[PDB]
Amino acid sequence: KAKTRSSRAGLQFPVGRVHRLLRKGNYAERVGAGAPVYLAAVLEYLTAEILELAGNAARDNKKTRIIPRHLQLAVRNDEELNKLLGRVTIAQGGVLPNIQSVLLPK
Amino acid sequence: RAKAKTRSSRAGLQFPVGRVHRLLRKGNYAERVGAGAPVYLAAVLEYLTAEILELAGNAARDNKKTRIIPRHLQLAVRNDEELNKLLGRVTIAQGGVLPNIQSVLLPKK
Amino acid sequence: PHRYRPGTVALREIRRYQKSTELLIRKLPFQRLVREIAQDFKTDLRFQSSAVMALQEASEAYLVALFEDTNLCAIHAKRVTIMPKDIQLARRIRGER
Amino acid sequence: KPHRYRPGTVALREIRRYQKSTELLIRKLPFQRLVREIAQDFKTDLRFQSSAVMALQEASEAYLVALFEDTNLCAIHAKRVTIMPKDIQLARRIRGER
Amino acid sequence: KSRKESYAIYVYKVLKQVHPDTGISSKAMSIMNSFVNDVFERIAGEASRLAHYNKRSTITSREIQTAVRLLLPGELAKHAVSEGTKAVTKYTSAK
Amino acid sequence: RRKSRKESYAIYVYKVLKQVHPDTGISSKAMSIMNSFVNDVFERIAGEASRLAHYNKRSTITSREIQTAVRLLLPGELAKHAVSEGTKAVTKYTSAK
Amino acid sequence: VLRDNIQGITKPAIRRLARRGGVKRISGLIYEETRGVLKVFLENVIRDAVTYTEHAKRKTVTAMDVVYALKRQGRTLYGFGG
Amino acid sequence: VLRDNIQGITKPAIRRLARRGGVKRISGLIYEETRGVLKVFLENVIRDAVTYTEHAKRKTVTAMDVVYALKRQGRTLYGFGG
DNA sequence: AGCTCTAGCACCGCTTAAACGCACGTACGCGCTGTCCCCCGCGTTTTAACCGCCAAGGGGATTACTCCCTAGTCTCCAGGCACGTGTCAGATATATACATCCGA
DNA sequence: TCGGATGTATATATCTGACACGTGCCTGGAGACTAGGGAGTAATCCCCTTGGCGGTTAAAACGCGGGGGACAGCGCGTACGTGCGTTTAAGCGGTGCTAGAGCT
């Protein structure tokens with residue numbers, strides 16, 4: 001019986017695919033076996049964080065399907081995923097609802 | 001054995017194609033490096049070096065100096081509109097800044 | 001008859017367009033502009049339908065972001081009307097000019 | 001009565017002097033202590049190459065000088081001669097630093 | 001090749017683990033896949049620089065951990081390092 | 001002990017200086033900047049040449065990748081001259097042994 | 001040959017973009033300045049995109065070509081491929 | 001041991017930097033704003049520099065660590081190697 | 001080099017709602033003014049930055065040795081990915097609450 | 001003040017095409033074994049960072065006068081917003097094709 005490296009680490013992201021991409025990407029002459037495991041975990045964790053905040057935004061909008069609007073709202077409302085994705089444009093994401101108080105009526 | 005002649009001298013370049021070739025390989029930029037790749041790259045680097053040194057030498061003469069110093073390099077890189085675009089994100093050590101004052105700050109009669 | 005005063009609907013339009021995700025520029029006119037520019041680099045180029053949309057998404061996002069920077073510098077001059085000098089200052093402080 | 005230059009005259013002379021020369025404007029020791037103070041908060045007993053402190057100073061002075069140019073522009077844009085904190089805050093906000 | 005590899009299945013499995021009641025549009029999924037690929041390239045890209053700067057020839061957990069400490073903001077980094085170290089610990093301990 | 005050899009573009013920058021300005025010299029500090037500049041531009045073109053090969057999933061970096069990388073990274077007139085210089089160097093080199 | 005299509009980007013479209021950007025009031029000159037700015041922006045992105053197309057020896061600009069151009073210019077776009 | 005050295009960067013030092021930046025008149029409030037901005041700038045660069053030092057398991061921060069930190073931060077410094 | 005057959009390009013026809021030109025008001029640009037304050041310019045005071053020389057030790061660089069870790073290859077098999085499918089989430093349509101703005 | 005206008009938000013129902021589910025299968029991961037050198041260890045060295053003393057002398061700090069500019073307040077006008085009638089062409093549906101991306 002063969003047990004996939006993803007299940008050994010308790011991860012969903014494919015360690016094998018991450019290992020193959022690390023090797024095929026020519027990022028270095030060699031790739032330690034711990035590197036794809038560690039990287040897959042970081043990517044899987046960051047994926048959950050985005051999806052978690054996006055899911056909350058969806059529930060707040062009484063929606064149960066994540067759409068680009070929820071991703072943008074989550075990314076821009078999160079004080080640190082915005083720092084990670086400050087240079088990133090999200091298709092159909094739009095912008096955060098924001099009006100400067102100087103523009104509002106007295 | 002034929003007399004060894006450097007690829008740079010064959011290409012009529014001062015920059016070492018061999019060194020550029022070794023770095024293109026040692027840096028693992030790709031699995032393989034075509035023999036023409038380091039020649040083309042060395043020529044571009046040699047040209048860009050001449051471009052900055054020419055303007056820097058002019059700035060040195062304009063400053064009545066014979067040795068190029070970082071000030072001359074900054075004045076050259078910043079006075080040229082294209083070099084300032086290529087090196088806009090680049091800071092030059094001890095280069096200072098261009099001697100420009102906003103006209104609105106100058107006194108008026 | 002009833003009429004909304006100047007800026008009343010503008011505040012409503014802001015909410016409408018901030019609440020909406022769709023592209024604000026007409027798709028076909030933007031595609032024509034892309035072609036007009038692209039043809040200068042190479043004749044009879046072809047564009048994937050998704051490539052034109054990618055250009056529009058980026059162009060609208062860039063302009064919207066620029067208008068925010070424009071608005072912020074307009075507010076800094078204690079003005080509410082954005083002027084070309086606001087765009088010029090924003091583009092200058094952003095480092096793209 | 002003693003000779004006195006008009007307000008801003010010496011400022012213009014100072015601008016020329018500091019723009020013409022390439023001397024570093026921050027004292028090395030106060031900046032070096034500042035670097036080690038900030039560094040001591042990230043990892044204890046770190047050591048700094050003399051050139052490493054200088055590299056940080058050149059970047060820091062270039063960053064602040066560039067920021068002051070952008071700050072002067074937004075101050076001038078507000079039709080003001082005196083730069084205010086809101087000018088720096090706007091420059092940083094437009095620069096995407098906030 | 002004709003077959004295209006995407007994180008769709010894994011993003012969906014993570015979504016199921018996060019919010020089983022919640023779905024995700026194909027457009028949002030495309031964004032997520034592009035985000036995962038971009039973050040992968042950033043970490044692997046920085047990991048290559050770290051190895052080269054030390055003239056090292058292999059990417060290890062230390063390079064990934066350091067790249068994550070450099071690219072991720074502080075709390076994302078601390079939590080991602082905890083997740084990465086936990087996953088490597090379980091993997092190595094499970095043997 | 002003896003210091004292990006550190007490579008530098010110093011002598012090549014100097015030979016180019018002697019060409020553009022035989023009477024002009026260059027301080028060690030300015031030379032260090034020029035060396036940093038050469039290395040930075042090298043890494044930028046090489047980094048883009050890698051992406052180009054990778055985007056087409058090619059295994060070899062050739063003159064085509066370098067020429068395209070130069071056109072992308074360098075500004076308009078610098079690119080035109082650099083492409084001309086790179087082409088002239090490569091074409092004449094091909095005529096050699 | 002298509003020409004003078006920049007004026008085809010309607011005045012309300014520029015207004016809508018400004019409204020989304022939070023602009024309450026728009027000067028009559030913003031429309032020409034925005035078209036010029038957009039013209040420069042699209043020129044830079046299309047120049048690089050076409051350059052990738054030409055290097056690939058292709059005649060059709062793929063959406064990935066635009067993403068690479070945007071990626072090179074530090075404005076990476078998510079949603080059109082990885 | 002070390003404390004408050006951000007206040008040791010003198011008011012004239014900030015003035016000189018502003019004068020080189022072409023600023024003709026400087027409000028007294030700029031000094032504290034500048035120290036705060038300078039502090040966060042140095043913190044970001046030093047954090048990355050120390051991270052390179054730590055990954056190399058070294059105890060002294062080299063000029064290369066600073067140059068790589070700056071390069072990663074998006075601002076390249078010429079004249080210190082690399 | 002060769003084939004495939006994708007989908008990009010082109011056009012017609014109809015729809016309609018966005019775009020436009022124009023009417024006309026008053027919101028807001030900003031010239032002008034007042035004024036007071038706070039920043040400048042200078043002298044005085046002073047302090048710690050700087051220079052320079054010496055300690056010393058540690059940690060960085062180097063050599064030598066090792067070994068255990070990864071790349072390559074092979075076998076294998078079931079995970080993952082196009083095809084198939086359908087059912088139910090939100091678009092569309094309708095009713096209708098409820099806050100905000102305007103005209104008096 | 002304030003009530004009326006009135007757009008936006010919310011609640012309900014029908015629908016539907018999109019994604020959630022199922023399947024076939026095959027290829028790339030997993031298991032196995034190897035070589036061998038990169039990384040890790042240990043010993044060494046020395047240099048360069050930290051640390052101290054001395055002093056001086058330039059630079060910083062401190063006070064002050066005062067002036068000019070920050071900007072509150074004002075005037076005021078025209079530019080820009082809103083509304084309307086007009087019409088424009090974008091968008092959609094459909095049909096044609098074939099360059100040229102994709103694969104071998």
# chains A, B, ... in the order shown; residues from 1 in each chain; ligands from 1
$ residues_around --residues "stretch 20-34 of chain D" --least-positions-apart "6" --cutoff "10 Å" --atoms "only C-alpha atoms (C1' of nucleotides)" --output "PyMOL selection string"
(chain B and resi 70-71+93-100) or (chain D and resi 14+40+48+50+52-54+56-58+60-62) or (chain H and resi 2-10+12-17+20+39+42) or (chain I and resi 48-50) or (chain J and resi 59)
$ select_by_dssp --residues "chain H" --states "strand (DSSP E or B)" --output "ChimeraX atom specification"
/H:25-26,60-61,76-78
$ interface_residues --of "chain E" --to "chain G" --cutoff "7 Å" --atoms "only C-alpha atoms" --output "number ranges by chain"
E: 27, 30-31, 33-35, 37
$ write_last_selection --atoms "N, CA, C and O atoms" --output "PDB file, in the first residue's frame"
ATOM      1  N   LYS E  27     -15.119  31.690 -11.740  1.00  0.00           N
ATOM      2  CA  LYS E  27     -14.286  32.882 -11.878  1.00  0.00           C
ATOM      3  C   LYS E  27     -13.469  33.124 -10.615  1.00  0.00           C
ATOM      4  O   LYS E  27     -12.271  33.425 -10.690  1.00  0.00           O
ATOM      5  N   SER E  30     -10.719  30.632 -10.585  1.00  0.00           N
ATOM      6  CA  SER E  30      -9.599  31.011 -11.441  1.00  0.00           C
ATOM      7  C   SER E  30      -8.684  32.001 -10.730  1.00  0.00           C
ATOM      8  O   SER E  30      -7.453  31.891 -10.812  1.00  0.00           O
ATOM      9  N   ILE E  31      -9.268  32.979 -10.037  1.00  0.00           N
ATOM     10  CA  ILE E  31      -8.475  33.928  -9.258  1.00  0.00           C
ATOM     11  C   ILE E  31      -7.663  33.195  -8.197  1.00  0.00           C
ATOM     12  O   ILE E  31      -6.453  33.408  -8.058  1.00  0.00           O
ATOM     13  N   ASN E  33      -6.709  30.064  -8.088  1.00  0.00           N
ATOM     14  CA  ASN E  33      -5.627  29.288  -8.688  1.00  0.00           C
ATOM     15  C   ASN E  33      -4.468  30.186  -9.097  1.00  0.00           C
ATOM     16  O   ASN E  33      -3.300  29.834  -8.892  1.00  0.00           O
ATOM     17  N   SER E  34      -4.770  31.345  -9.684  1.00  0.00           N
ATOM     18  CA  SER E  34      -3.713  32.274 -10.065  1.00  0.00           C
ATOM     19  C   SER E  34      -3.003  32.842  -8.843  1.00  0.00           C
ATOM     20  O   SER E  34      -1.793  33.093  -8.887  1.00  0.00           O
ATOM     21  N   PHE E  35      -3.742  33.049  -7.751  1.00  0.00           N
ATOM     22  CA  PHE E  35      -3.144  33.519  -6.505  1.00  0.00           C
ATOM     23  C   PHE E  35      -2.181  32.487  -5.929  1.00  0.00           C
ATOM     24  O   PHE E  35      -1.067  32.824  -5.510  1.00  0.00           O
ATOM     25  N   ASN E  37      -0.624  30.070  -7.553  1.00  0.00           N
ATOM     26  CA  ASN E  37       0.533  29.992  -8.440  1.00  0.00           C
ATOM     27  C   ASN E  37       1.467  31.180  -8.242  1.00  0.00           C
ATOM     28  O   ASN E  37       2.693  31.021  -8.250  1.00  0.00           O
TER      29      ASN E  37
END
$ interface_residues --of "chain A" --to "chain I" --cutoff "10 Å" --atoms "only C-alpha atoms (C1' of nucleotides)" --output "list in words"
residues 1, 2, 4, 29, 30, 31, 32, 33, 63, 64 and 65 of chain A
$ atom_distance --atom1 "atom CA of residue F:82" --atom2 "atom CA of residue B:12"
15.0 Å
$ residues_around --residues "residue B:7" --least-positions-apart "6" --cutoff "10 Å" --atoms "only C-alpha atoms (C1' of nucleotides)" --output "PyMOL selection string"
(chain B and resi 13-18+35+38-39) or (chain F and resi 93+96-97)
$ write_last_selection --atoms "N, CA and C atoms" --output "short mmCIF file (atom, residue, chain, number, x, y, z; two decimals), in the first residue's frame"
data_model
loop_
_atom_site.label_atom_id
_atom_site.label_comp_id
_atom_site.auth_asym_id
_atom_site.auth_seq_id
_atom_site.Cartn_x
_atom_site.Cartn_y
_atom_site.Cartn_z
N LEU B 13 34.27 42.58 -28.75
CA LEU B 13 33.71 43.09 -27.51
C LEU B 13 34.78 43.13 -26.43
N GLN B 14 34.66 44.08 -25.51
CA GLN B 14 35.54 44.11 -24.35
C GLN B 14 35.01 43.24 -23.22
N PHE B 15 33.70 43.17 -23.06
CA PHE B 15 33.12 42.38 -21.98
C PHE B 15 33.38 40.90 -22.26
N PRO B 16 33.72 40.11 -21.24
CA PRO B 16 34.04 38.70 -21.46
C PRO B 16 32.81 37.85 -21.70
N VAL B 17 32.68 37.35 -22.94
CA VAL B 17 31.57 36.46 -23.26
C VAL B 17 31.68 35.19 -22.43
N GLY B 18 32.90 34.71 -22.22
CA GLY B 18 33.10 33.52 -21.41
C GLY B 18 32.59 33.70 -19.99
N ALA B 35 25.11 29.51 -27.46
CA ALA B 35 26.37 30.23 -27.61
C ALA B 35 26.16 31.69 -28.01
N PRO B 38 25.26 34.60 -24.62
CA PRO B 38 26.23 35.45 -23.92
C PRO B 38 26.87 36.50 -24.81
N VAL B 39 26.96 36.26 -26.12
CA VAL B 39 27.51 37.28 -27.01
C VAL B 39 26.57 38.47 -27.09
N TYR F 93 30.28 37.80 -34.75
CA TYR F 93 30.85 36.65 -34.07
C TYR F 93 30.55 35.35 -34.81
N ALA F 96 33.09 34.22 -37.30
CA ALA F 96 34.37 33.73 -36.83
C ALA F 96 34.42 32.20 -36.84
N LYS F 97 35.54 31.67 -36.38
CA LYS F 97 35.79 30.24 -36.31
C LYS F 97 34.77 29.53 -35.42
#
$ select_by_dssp --residues "chain A" --states "alpha helix (DSSP H)" --output "PyMOL selection string"
chain A and resi 5-9+15-24+34-60+68-77+81-84
$ write_last_selection --atoms "C-alpha atoms" --output "CSV table (one decimal), in the first residue's frame"
chain,number,residue,atom,x,y,z
A,5,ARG,CA,3.0,12.3,0.8
A,6,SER,CA,0.1,14.8,1.1
A,7,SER,CA,-1.8,12.4,3.4
A,8,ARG,CA,1.4,11.8,5.4
A,9,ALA,CA,1.7,15.6,6.1
A,15,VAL,CA,3.4,17.7,-2.3
A,16,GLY,CA,4.3,15.8,-5.4
A,17,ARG,CA,3.1,18.6,-7.7
A,18,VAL,CA,4.8,21.2,-5.6
A,19,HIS,CA,8.0,19.1,-5.7
A,20,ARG,CA,7.7,18.7,-9.5
A,21,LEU,CA,7.1,22.4,-10.0
A,22,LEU,CA,10.1,23.2,-7.7
A,23,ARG,CA,12.3,20.9,-9.8
A,24,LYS,CA,10.9,21.9,-13.2
A,34,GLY,CA,11.3,19.0,3.2
A,35,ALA,CA,10.9,22.0,0.9
A,36,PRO,CA,7.8,20.9,-1.0
A,37,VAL,CA,6.2,19.7,2.2
A,38,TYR,CA,6.8,23.1,3.9
A,39,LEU,CA,5.8,25.1,0.8
A,40,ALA,CA,2.6,23.1,0.2
A,41,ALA,CA,1.6,23.8,3.9
A,42,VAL,CA,2.2,27.5,3.5
A,43,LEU,CA,0.2,27.6,0.3
A,44,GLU,CA,-2.6,25.5,1.7
A,45,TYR,CA,-2.7,27.7,4.8
A,46,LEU,CA,-2.8,31.0,2.8
A,47,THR,CA,-5.5,29.5,0.6
A,48,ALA,CA,-7.6,28.7,3.7
A,49,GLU,CA,-7.1,32.3,5.1
A,50,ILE,CA,-8.3,33.9,1.8
A,51,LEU,CA,-11.2,31.5,1.5
A,52,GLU,CA,-12.1,31.9,5.1
A,53,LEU,CA,-12.3,35.7,5.0
A,54,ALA,CA,-14.1,35.4,1.6
A,55,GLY,CA,-16.6,33.0,3.0
A,56,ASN,CA,-17.3,35.3,5.9
A,57,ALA,CA,-17.9,38.2,3.4
A,58,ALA,CA,-20.2,35.9,1.4
A,59,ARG,CA,-22.3,35.0,4.5
A,60,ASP,CA,-22.5,38.7,5.4
A,68,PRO,CA,-14.6,37.8,-7.1
A,69,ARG,CA,-16.4,40.6,-5.1
A,70,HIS,CA,-16.0,38.5,-1.9
A,71,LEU,CA,-12.3,37.9,-2.7
A,72,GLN,CA,-11.6,41.6,-3.2
A,73,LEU,CA,-13.6,42.6,-0.1
A,74,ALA,CA,-11.7,40.0,2.0
A,75,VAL,CA,-8.3,40.9,0.5
A,76,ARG,CA,-8.7,44.6,0.9
A,77,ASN,CA,-10.5,44.4,4.3
A,81,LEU,CA,-3.5,40.2,3.0
A,82,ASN,CA,-3.9,43.7,1.6
A,83,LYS,CA,-0.2,44.2,2.4
A,84,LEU,CA,0.6,40.9,0.6
$ decode --residues "stretch 45-60 of chain G" --atoms "N, CA and C atoms" --output "CSV table (one decimal), in the first residue's frame"
chain,number,residue,atom,x,y,z
G,45,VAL,N,1.4,48.8,-21.7
G,45,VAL,CA,1.0,47.4,-21.5
G,45,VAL,C,1.0,46.7,-22.9
G,46,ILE,N,0.4,47.3,-23.9
G,46,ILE,CA,0.4,46.6,-25.2
G,46,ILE,C,1.7,46.5,-25.8
G,47,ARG,N,2.6,47.4,-25.6
G,47,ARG,CA,4.0,47.3,-26.2
G,47,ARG,C,4.7,46.0,-25.6
G,48,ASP,N,4.6,45.8,-24.3
G,48,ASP,CA,5.2,44.6,-23.8
G,48,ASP,C,4.4,43.3,-24.2
G,49,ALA,N,3.1,43.4,-24.2
G,49,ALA,CA,2.3,42.2,-24.6
G,49,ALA,C,2.6,41.8,-26.0
G,50,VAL,N,2.7,42.8,-26.9
G,50,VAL,CA,3.0,42.5,-28.3
G,50,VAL,C,4.5,42.0,-28.4
G,51,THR,N,5.3,42.5,-27.6
G,51,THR,CA,6.7,42.0,-27.5
G,51,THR,C,6.8,40.5,-27.1
G,52,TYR,N,6.0,40.1,-26.2
G,52,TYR,CA,5.9,38.7,-25.9
G,52,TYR,C,5.3,37.9,-27.0
G,53,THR,N,4.3,38.4,-27.7
G,53,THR,CA,3.7,37.8,-28.8
G,53,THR,C,4.7,37.6,-29.9
G,54,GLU,N,5.4,38.6,-30.3
G,54,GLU,CA,6.5,38.5,-31.3
G,54,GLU,C,7.6,37.5,-30.9
G,55,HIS,N,8.0,37.5,-29.7
G,55,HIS,CA,9.0,36.6,-29.2
G,55,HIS,C,8.5,35.1,-29.4
G,56,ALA,N,7.2,34.9,-29.0
G,56,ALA,CA,6.6,33.6,-29.2
G,56,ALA,C,6.4,33.3,-30.7
G,57,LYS,N,6.7,34.2,-31.6
G,57,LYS,CA,6.5,34.1,-33.0
G,57,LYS,C,5.0,33.9,-33.3
G,58,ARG,N,4.1,34.4,-32.4
G,58,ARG,CA,2.7,34.3,-32.6
G,58,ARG,C,2.2,35.6,-33.2
G,59,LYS,N,1.0,35.5,-33.8
G,59,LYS,CA,0.3,36.7,-34.4
G,59,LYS,C,-0.9,37.1,-33.5
G,60,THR,N,-1.4,36.3,-32.6
G,60,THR,CA,-2.5,36.6,-31.7
G,60,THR,C,-2.0,36.8,-30.3
